[PDB]
Amino acid sequence: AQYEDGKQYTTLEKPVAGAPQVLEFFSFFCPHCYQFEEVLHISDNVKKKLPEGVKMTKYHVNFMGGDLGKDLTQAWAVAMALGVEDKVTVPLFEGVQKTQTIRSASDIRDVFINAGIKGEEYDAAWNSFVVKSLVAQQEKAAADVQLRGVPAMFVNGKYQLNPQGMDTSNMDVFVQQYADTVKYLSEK
């Protein structure tokens, strides 16, 4: 076949029922995640090729960057609750991996302030039980698929993308192949 289990994707031995249609995991400490967001725009190009009626979910993980990793998972929950993912993703990546100006929760907070979320609004969100359940959702989804590495994408809690088995000579070709794979798995 042109798409083979074990080649552009793998199949979960233990399929996850009720899982989000398209589910992505990342960390702001994860170097390929930086690439996926900043250079390749994976999420965006997958969205562009996905059918209609298909929702896209993206979660942060705890297992990188110790205490700051968990702060970043809570901050991503704030981002999701306020709907400001698109305003903070790049400055968080760059503050963590490029400039190294993110070293504490207060530094994460500055990124939101400078993106124009009000101090008050952020701190209230940060402490809210809406963000708490949203943090639990992120952890549960990762727990559900035994997640040990990022970037990771899962389709219908059944199939896991396998970028290692795609050509990387050309970044644009890599992305369309990744996206077309998601579309294929989506229709499966």
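Residues numbered from 1 in each chain as written, not as in the entry; some residues may be left out. Heavy atoms only, no water.

In terms of determination method and resolution, the entry is listed under X-ray crystallography at 2.0070 Å.

**Notes on the environment of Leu147**
Selection criterion: Secondary structure elements are defined from DSSP: runs of H or I of at least 4 residues count as helices, runs of E of at least 2 residues count as strands, and each element is numbered from the N terminus. Throughout, a contact is declared for two residues whenever any of their heavy atoms are within 4.5 Å.
Inspection of the secondary structure assignment puts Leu147 in the loop between α7 (129–144) and β4 (152–155). Placed 122 residues apart in sequence, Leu147 and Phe25 show a C-alpha to C-alpha distance of 8.7 Å. Among all residues touching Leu147, those that are not within four sequence positions of it are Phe25, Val61, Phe63, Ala142, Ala152 and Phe154.

**Describing the nonpolar core**
Condition: The set of buried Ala, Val, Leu, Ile, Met, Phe, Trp, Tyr and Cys residues whose side-chain atoms join them within 4.5 Å is what this entry labels a nonpolar core. For every residue, the accessible area (1.4 Å probe, protein chains only) is compared with the maximum for its type, and the residue is labelled buried under 20%, exposed over 50%, or partly exposed between those bounds.
Membership of the largest hydrophobic core comes to 42 residues, with the highest contact counts inside it found for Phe25, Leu92, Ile108, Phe112 and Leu147. Elements that contribute at least two residues to this core include exactly β2 (22–26), α1 (31–38), α3 (66–82), α4 (85–98), α5 (105–114), α6 (119–127), α7 and β4. Tallying contributions element by element places α3 first for this core, with 8 residues. Among the nonpolar cores identified, the runner-up in size contains 19 residues, and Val22, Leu50, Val175 and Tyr178 belong to it.

**Here's the deal with the layout of surface pockets**
Note the following rule: Here a cavity denotes a set of grid points, spaced 1 Å apart and computed over the protein atoms alone, in which a 1.4 Å probe fits but from which it cannot get out, and a pocket denotes an open set meeting protein on both sides within 12 Å along at least five of seven lines; residues with an atom within 4 Å of a point are reported as lining. Grid points are joined across faces, edges and corners, and a volume is the space filled by probe spheres set on the points. Under the scheme applied, nonpolar residues are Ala, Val, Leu, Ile, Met, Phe, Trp, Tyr, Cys and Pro; charged residues are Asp, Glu, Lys and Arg; polar residues are all the others, including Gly.
Looking at the largest pocket, its volume works out to about 580 Å³. Within the residue set of the lining of the largest pocket, elements represented by two or more residues are α2 (42–49), β3 (56–60), α3 and α4. Within the lining of the largest pocket, the residues separate by chemical class into 4 nonpolar, 4 polar and 8 charged. Together, 13 residues line the second largest pocket, and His32, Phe36, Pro163, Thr168 and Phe174 are the ones closest to its centre. Within the residue set of the lining of the second largest pocket, elements represented by two or more residues are α1 and α8 (171–186). Among the elements that take part in the lining of the second largest pocket, α1 stands out by supplying 3 residues, more than any other.

**Describing empty space enclosed by the protein**
Taken as a whole, this structure holds 1 cavity of 30 Å³ or more when the rule is applied. Together, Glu24, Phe25, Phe26, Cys33, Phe36, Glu37, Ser43, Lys58, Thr89, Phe93 and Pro151 line the largest cavity. Those elements that place two or more of their residues in the lining of the largest cavity are β2, α1 and α4. Considering only residue class, the lining of the largest cavity consists of 6 nonpolar, 2 polar and 3 charged.

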